[PDB]
């Protein structure tokens, strides 16, 4: 598995809010090691049986948490992400959707410069079936296994999870890198992690129109990924120049089309599927 496991201690920024409460509850049920949350002005109280703090730094000092999930509304994410980086957090999972591009641009530079890892924003989360769950994904469809999944989307990912669970392969860890233009981590970042992960025997890569993260991963897979990879790209029927939901799902300058990415992954010897329904099948074929 990668990023998280049964021993990862996690705090929640936006802990006392609607989504923060609901999903933290789900995580606790799943068995995730939630040790407390942060909500400026509500420090000193307790929520979901856990301690609430005024600052990320206080929370870390008291719980030694190393990961933080963010459920803070867009307007304040640049602030809470930078606060986490400063407090010492090493892993940040930002669920929030709607963060300004120019904000992530700066945050991304700081993340790299500071050596902190962030998954997202605009992602369903990260999950190591059986060990740890951080995000909004339905736990009951996952199964401890050997396939690692990396996707730019949410519900589309569940399809691959269901299939890999049905064929019995199960999942090592599921990482949603998010649907924004400038994510904290991209395909290559996660791919390299799966390569070094002994528990991961195969990799499912799920992408969509927009940008060139996929094309760049293709070249990287050819060059540094020895394990088998099944890839799927959504957006063949999409029009150029229009945003299809995700802030990143847009074909700009006529570059970054669905077919373009399929072709790229194939030239790198990646098993690509043209029906999201056949991911499980193609996997068995390896």
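Numbering follows the first chain given and starts at 1.
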Quick check: 125-133 versus 106-114, which has the larger average CA B-factor in the record? 125-133
Between 252-260 and 234-242, name whichever shows the higher mean Cα B factor according to the PDB entry. 252-260
Report the option among 61, 38, 35, 221 whose CA atom has the maximum B-factor in the deposited record. 221
How does the C-alpha B factor of residue 11 compare with the rest of the chain: lowest, middle or highest third? lowest
Among modelled residues of the same chain, the CA temperature factor third for residue 194: highest
Looking at the temperature factor on the CA atom of residue 145, which third of the chain's modelled residues does it land in? highest
On the chain's distribution of Cα B-factors, residue 208 falls within the third called middle
CA B-factor ranking of residue 66, expressed as a third of its chain: lowest
